[PDB]
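Peer 1: Below is a structure I'd like to ask you about.
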Amino acid sequence: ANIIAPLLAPX
């Protein structure tokens, strides 16, 4: 979930 957190901003 630490990778999706930041990847959420663009995606």
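Residue numbers start at 1 in each chain; chains themselves are named A, B, ... in the order of the structure tokens; ligands are numbered from 1 in the order shown.
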Write out as a list in words all residues of chain A that DSSP puts in helix (DSSP H, G or I) for this structure's backbone.
Peer 2: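 Selecting the helix (DSSP H, G or I) positions of chain A gives residues 4, 5, 6, 7 and 8 of chain A.
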Peer 1: Let's have the selection written as a compact mmCIF listing (two decimals), in the first residue's frame, with N, CA and C atoms.
Peer 2:
```txt
# COMPACT_ATOMS: atom_id res chain seq x y z
N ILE A 4 1.03 2.31 -3.84
CA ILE A 4 -0.22 2.80 -4.40
C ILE A 4 -0.53 4.22 -3.91
N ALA A 5 -0.14 4.51 -2.62
CA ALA A 5 -0.37 5.84 -2.02
C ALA A 5 0.12 6.93 -2.96
N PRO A 6 1.41 6.96 -3.33
CA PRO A 6 1.95 7.98 -4.23
C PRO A 6 1.45 7.83 -5.66
N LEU A 7 1.34 6.59 -6.11
CA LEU A 7 0.87 6.31 -7.46
C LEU A 7 -0.59 6.73 -7.63
N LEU A 8 -1.26 6.97 -6.51
CA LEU A 8 -2.66 7.38 -6.53
C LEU A 8 -2.80 8.81 -7.06
```
